[PDB]
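Right, one structure below, let's go through it.
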Amino acid sequence: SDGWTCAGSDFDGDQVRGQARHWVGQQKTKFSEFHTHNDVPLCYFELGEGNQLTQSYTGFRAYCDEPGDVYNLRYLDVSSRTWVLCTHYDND
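The sequence shown: position 26 = 46 (the deposited numbering), numbered continuously.
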């Protein structure tokens, strides 16, 4: 499987994608300012810990392309006011 490292926090790939399925299906994602490297628009949702679903800011955001595939994750760096890319990893 796979996941993301956001500053000190680990996000599990399956848990993230489970949250994504919910918000895409409910049609409650938000248009994002970011696009993919291929110029595809992204939408985001607020990323909860584990399987938690929330519409409240958590410090972490997941970004999907239309069909609803998770493209990447970012975390808010409060010092810089920037949404910094989380590091994606794949396990063996």
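For each residue, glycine too, the CB sits at the ideal point set by N, CA and C.
Query - Sequence-distant residues of its chain with Cβ nearer than 7 Å to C84 (five each side left out) - result: Within the sequence shown, numbered from 1, the residue matching residue 84 stands at position 64. The residues are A40, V44, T49, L62, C63, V90, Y91.
Query raised in the report: Is the beta carbon of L93 sitting closer than 7 Å to the one on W103?
Result: Residue 93 sits at position 73 when you count from the first residue of the sequence shown. Residue 103 sits at position 83 when you count from the first residue of the sequence shown. Note that the C-beta distance between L93 and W103 is not below 7 Å.
Report task. Could you name the residues of the same chain whose beta carbon sits closer than 7 Å to that of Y77, not counting the 5 residues immediately before and after it, in chain order? Result -> On the sequence shown, residue 77 is found 57 positions in, with the first residue counted as 1. Closer than 7 Å at the Cβ level, and outside the excluded window around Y77, lie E66.
Query - Beta-bridge partners of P61, as assigned by DSSP - result: Taking the first residue of the sequence shown as 1, we reach residue 61 at position 41. The partner list for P61 (beta bridge, DSSP) reads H55.
Query raised in the report: For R101, which three-state DSSP category applies?
Result: Numbered from its first residue, the sequence shown carries residue 101 at position 81. It is coil, neither helix nor strand.
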